[PDB]
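>>> pasting the first bit of my complex, frame unchanged:
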Amino acid sequence: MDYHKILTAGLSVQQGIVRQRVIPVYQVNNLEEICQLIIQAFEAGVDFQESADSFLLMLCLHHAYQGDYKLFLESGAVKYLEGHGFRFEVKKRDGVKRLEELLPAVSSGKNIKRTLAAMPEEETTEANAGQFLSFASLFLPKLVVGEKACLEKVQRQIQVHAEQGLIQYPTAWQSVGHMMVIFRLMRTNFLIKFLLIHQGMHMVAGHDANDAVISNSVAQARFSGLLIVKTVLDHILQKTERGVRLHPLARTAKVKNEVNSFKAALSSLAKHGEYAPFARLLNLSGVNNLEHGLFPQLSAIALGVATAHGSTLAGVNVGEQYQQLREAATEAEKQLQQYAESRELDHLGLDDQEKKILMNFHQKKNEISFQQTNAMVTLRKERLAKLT
């Protein structure tokens, strides 16, 4: 019989229903006034402890379908979410004007009623659902990293979308605390980011400006936090027309054990399907099976072999446990790649002048790449110096 079954026995389980969470959907006569009240409430700086979910669902409903309940509850995303415990019920309500009247009067929301009662119900702003969903969707790249990377990326991206004149934003939405509130709201919830991802990756044509911004952010926020998967699968586990061959820097025993464990975890992620490259954003099942430190030898070698080719990967930070191995790996890969290019140039049957000009071209290209990486390493050291 087999004995090694116990190690990986619990990785692959069946599929059941464990949550059973029920979400209400309000069907109100007027909708745009309520959406303006919700946007004004989030601009006021308050939070909803549990009841934010129905509000964001109704806002996304107004943006997408413009008030079509029968087609919304027969969609594909709602059909997907009912296979994981979500249950959407529908409630009706007459002409209301206040979110306290719309609130289901839960005693835990006493502080919510206290904050919304102090909110002045007289001021009006100028926005809609599309601007709010685009400005929330800008946070999706680099969301796993932290606050500072998110703020730097979104302050770059607003200026990019302001130069190419698609959409302008109000200046009150560029204060720091408002961005902090939207960052916390995007980090805690689940439903809003799944709706943004599904709507961004399942449109075909007929895009608006807000849909263009959402689809651009979804396309840029791919494989965020899974750099180990790209750096292993591109170089270390190299695909040939015959089959799959290992890199010659990975032919020991311990690294081979790491490769086998990595193949098991990769199959555990590939269970999912179309939503697999977004996993760290959606925090799926087999996400915790792939971490740094659980693959100590393979990670640094894979990152060194990857940063030997590309010149932009020198800016990534690792830690004080892998750096010297990374340096040894990238130097060995540089010299092996130089020898391989020289032998491959000597392979084909050509003239001497063609070989001379190709050697000159390869030498100049290697010099340019060396200078760019030498600049990038000093820029990373300057970043870590300016951090403290």
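Nice, thanks for sending it over. Numbers count the residues shown, from 1 in each chain, chains lettered A, B, ... in the order given.
>>> how long is stretch A:13-27 from one end to the other?
Length of stretch A:13-27, first residue to last, CA to CA, to the nearest Å: 39 Å.
>>> in that stretch, what counts as buried?
Neighbour counts over stretch A:13-27 (16 or more other CB atoms under 10 Å) mark A:25-26 as buried. Every residue, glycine included, has its C-beta placed from N, CA and C.
>>> just stretch A:322-329 next, same as before
Here stretch A:322-329 shows A:322, A:325-326, A:329 as buried, counting by 16+ other CB under 10 Å.
>>> ditto for stretch A:190-202
A:191-200.
>>> ok, back up a step: rebuild the buried residues of stretch A:322-329 as TSV, extending it with secondary structure and distance to residue A:167.
Output for the buried residues of stretch A:322-329, formatted as TSV (DSSP: H, G, I helix; E, B strand; the rest coil; distance: CB to CB, whole Å):
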residue	secondary structure	distance to residue A:167
A:322	coil	42
A:325	helix	46
A:326	helix	41
A:329	helix	44
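>>> for those residues, give me TSV that also has distance to residue A:360.
Formatted as TSV, the buried residues of stretch A:322-329 follow (distance: CB to CB, whole Å):
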residue	distance to residue A:360
A:322	37
A:325	34
A:326	31
A:329	29
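>>> which one of these is nearest residue A:251?
Within the buried residues of stretch A:322-329, the smallest distance to residue A:251 is 13.6 Å, found for residue A:329 (CB to CB).
>>> the closest one touches residue A:249, doesn't it?
Yes: under the criterion of CB atoms under 8 Å, residue A:329 makes contact with residue A:249 at 6.5 Å.
>>> for chain A, longest helix please?
Longest helix in chain A by number of residues (criterion: DSSP state H): helix A:352-387.
>>> could you list the buried residues of it?
A:373, A:376.
>>> show me what it is packed against.
When contacts are defined as 3 or more CB pairs under 8 Å, 6 or more residues apart in numbering; DSSP states H and E, helix A:352-387 sits against helix A:323-347.
>>> mind giving me the packing neighbours of the helix it packs on?
Here helix A:323-347 touches helix A:296-309, helix A:352-387, going by 3+ CB pairs under 8 Å, 6+ apart.
>>> save those as TSV, and put in distance to residue A:316 too.
Below are the helices and strands packed on helix A:323-347 laid out as TSV (distance: least, CB to CB, whole Å):
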stretch	distance to residue A:316
helix A:296-309	7
helix A:352-387	8
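>>> put chain B onto that model:
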Amino acid sequence: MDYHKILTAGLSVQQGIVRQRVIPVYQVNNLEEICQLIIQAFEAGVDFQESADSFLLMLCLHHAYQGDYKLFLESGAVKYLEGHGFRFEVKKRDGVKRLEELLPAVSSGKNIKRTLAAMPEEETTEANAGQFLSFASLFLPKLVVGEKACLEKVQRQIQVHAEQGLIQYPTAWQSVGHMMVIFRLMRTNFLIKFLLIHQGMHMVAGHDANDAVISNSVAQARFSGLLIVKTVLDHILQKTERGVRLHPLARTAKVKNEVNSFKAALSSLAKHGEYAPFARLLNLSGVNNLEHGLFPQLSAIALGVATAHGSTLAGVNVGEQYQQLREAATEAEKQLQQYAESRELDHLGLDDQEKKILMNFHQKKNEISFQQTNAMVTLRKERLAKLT
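Below is chain B, added to the chains above:
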């Protein structure tokens, strides 16, 4: 006939029902007020001698299903527990406000009534079931070791989850005695840790923040206390594509007898199934069959061969009965691994420059690993010096 049947005759028994323990489930109109009273009661610092089980069950019921009795009593975990003597009955109760009124008035709980009667029923706190279950689930890694390792690990993990801004905890829950009370409650009971493990390993998607913390702690608390299983099955009992071969440091007679006894105990554990790597936490049947001292020769040799490869296993403590054998085993494995790597590099047909750079790379990697283990051993000696 056979004569060796008597030694292992009692290891494998049949399956019957020996306990027959009955647990009540209270069905009350209001639930969140009672959950706040229970959390305030555990913050007060009192204990429940027998009646803690129904309280924790009702709290987990409020967190998971939000008050769905009919779907809870038809779940998978409750179906599993009825095969081992647990019997859940359901009782109803009108609008109550005090845990004395909810208590079934047992004369052994006279001290419980005395402590809860002295508890002031006026103060209110700010928490819920999810924060309490996550803060209780943080104790699951390193729970078998002792108090100090638990407190150090959870004070690390709270700061980790505070940097990556998912969840903040109240500062009153970080005093020492409160953590002691929750440690004692987690060590004595059984039902709460089984519910946490099942809910953590059977979700697929749709995680909340508290569910993310619980699933992370369940994933990190795997094979806790069964290091001998990993260190034997990874190296000593090495799997080949042909079959299973023994390590050349384990080809004597006594070690072969230890291997046969280990195979018998491994089959006794593999009887269980999906809950097998969690066994020392759940304290299952064949747990006591695998102990240190019952395998005197195999344990130290296996740990030495394991710590020859990895550089973090040098920090484990053993005792004054295995240390010199561990040292001899790890030195022999270092020199055998060096000779094997040199011969394997000399195996393949390549160029001289490639062999030169691969030898240089292997030499530098071995130097880095040697320096890291030399640091880790002195750190362990410093720990044992600072212990007394």
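>>> please re-evaluate the buried residues of stretch A:190-202 in the presence of chain B.
Within stretch A:190-202, the residues that count as buried by 16 or more other CB atoms under 10 Å in any protein chain shown are A:190-200.
>>> out of the residues you listed, who's near chain B?
residue A:190 (CB under 8 Å from any CB of the partner chain).
>>> what about the buried residues of stretch A:190-202, which are in helices?
Judged by DSSP H, the buried residues of stretch A:190-202 include A:191-200 as members of helices.
>>> for the residue in the stretch 151-300 of chain A that chain B sits nearest to, which non-adjacent residue is spatially closest?
Using CB to the nearest CB, the closest approach of the stretch 151-300 of chain A to chain B is made by residue A:288 at 4.2 Å. Of all residues not flanking residue A:288 in the chain, residue B:219 sits nearest, at 4.2 Å (CB to CB, 6 or more residues apart in numbering or on different chains).
>>> and the stretch 51-200 of chain A, which residues reach chain B?
Residues of the stretch 51-200 of chain A lying close to chain B by CB under 8 Å from any CB are A:81, A:84-86, A:107-108, A:146-147, A:184, A:187-188, A:190.
>>> now the residues you listed: which count as buried?
Neighbour counting with 16+ other CB under 10 Å marks A:81, A:84-86, A:187, A:190 as buried within those.
>>> in helices, which of those appear?
Using DSSP H, those in helices are A:81, A:187.
>>> what's the most distant pair in the buried ones among the residues of the stretch 51-200 of chain A next to chain B?
Across these, no pair lies farther apart than A:85 and A:187, at 21.5 Å, counting by CB to CB.
>>> quick one: the helices in the stretch 201-350 of chain A, in order.
A:209-220, A:227-231, A:254-270, A:279-282, A:296-309, A:323-347 (DSSP state H, counting those that start in this stretch).
>>> now, of these, which is deepest in the fold?
Highest mean neighbour count of those: helix A:296-309, a mean of 23 (counted as mean count of other CB atoms under 10 Å in any protein chain shown).
>>> next, the angle from that one to helix A:323-347.
Orientation check (axes from the mean of the first three to the mean of the last three CA atoms, to 10 degrees): helix A:296-309 against helix A:323-347 gives 50 degrees.
>>> next, the angle helix B:352-387 makes with helix A:296-309.
For helix A:296-309 against helix B:352-387, the angle by the same axes, to 10 degrees is 130 degrees.
>>> from the ones in helices among the buried residues of stretch A:190-202, pick the one nearest residue A:175.
residue A:192 (21.4 Å).
>>> out of everything not next to it in sequence, what's closest to that closest one?
In space, residue A:192 is closest to residue A:56, 4.8 Å off (CB to CB, 6+ apart).
>>> mind adding RNA strand C? sequence follows:
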RNA sequence: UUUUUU
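Okay, RNA strand C now, added to the rest:
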């Protein structure tokens, strides 16, 4: 009459 160690 049994005599360790876990």
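>>> what about the buried residues of stretch A:13-27 again, now that RNA strand C is present?
Using 16+ other CB under 10 Å as the test for burial, stretch A:13-27 gives A:17-19, A:25-26.
>>> tell me how many other residues crowd the residue in chain A that RNA strand C sits nearest to.
Residue of chain A nearest RNA strand C, by CB to the nearest atom of the strand: residue A:6 (21.9 Å). Other residues within reach of residue A:6, judged by other CB atoms under 10 Å in any protein chain shown, total 21.
>>> repeat for the one 4 residues further on
Neighbour count for residue A:10, taken as other CB under 10 Å: 18.
>>> buried ones in stretch A:313-323?
Buried residues in stretch A:313-323, counted by 16+ other CB under 10 Å: A:313-314, A:322.
>>> who's in contact with it?
A:227, A:296, A:299-300, A:303, A:306-307, A:326, A:373, A:376-377, A:379-380, A:383-384 (CB atoms under 8 Å, 6 or more residues apart in numbering or on different chains).
>>> and if you look at stretch A:199-217?
Residues contacting stretch A:199-217 (CB under 8 Å, 6+ apart): A:60, A:63-64, A:76-77, A:130-131, A:133-134, A:137-138, A:140-141, A:157, A:161, A:166-167, A:196, A:218-219.
>>> tell me the buried residues within those residues.
Taking 16+ other CB under 10 Å as the criterion, what is buried in these is A:60, A:63-64, A:77, A:130-131, A:133-134, A:137-138, A:140-141, A:157, A:161, A:167, A:196, A:218.
>>> what's near enough to touch the residue of chain A closest to RNA strand C?
Contacts of residue A:6 (CB under 8 Å, 6+ apart): B:229, B:233, B:266, B:269-270, B:276-277.
>>> so it lies in a helix, does it not?
Yes: under DSSP: H, G, I helix; E, B strand; the rest coil, residue A:6 falls within a helix.
>>> what is the end-to-end distance of stretch A:213-232?
Start-to-end, stretch A:213-232 (CA to CA) is 31 Å.
>>> and if you look at stretch A:112-129?
Start-to-end, stretch A:112-129 (CA to CA) is 23 Å.
>>> got a list of what the residue nearest to residue A:280 when sequence neighbours are not counted touches?
What sits nearest to residue A:280 in space, not counting adjacent residues and going by CB to CB, 6+ apart, is residue A:225, at 3.5 Å. Contact analysis of residue A:225 by CB under 8 Å, 6+ apart lists A:144, A:280-281.
>>> excluding chain neighbours, what is closest to the residue in the stretch 1-150 of chain A that chain B sits nearest to?
Residue nearest to chain B within the stretch 1-150 of chain A: residue A:84 (4.6 Å; CB to the nearest CB). In this structure, residue A:84 finds its nearest non-sequential neighbour in residue B:206, 4.6 Å apart by CB to CB, 6+ apart.
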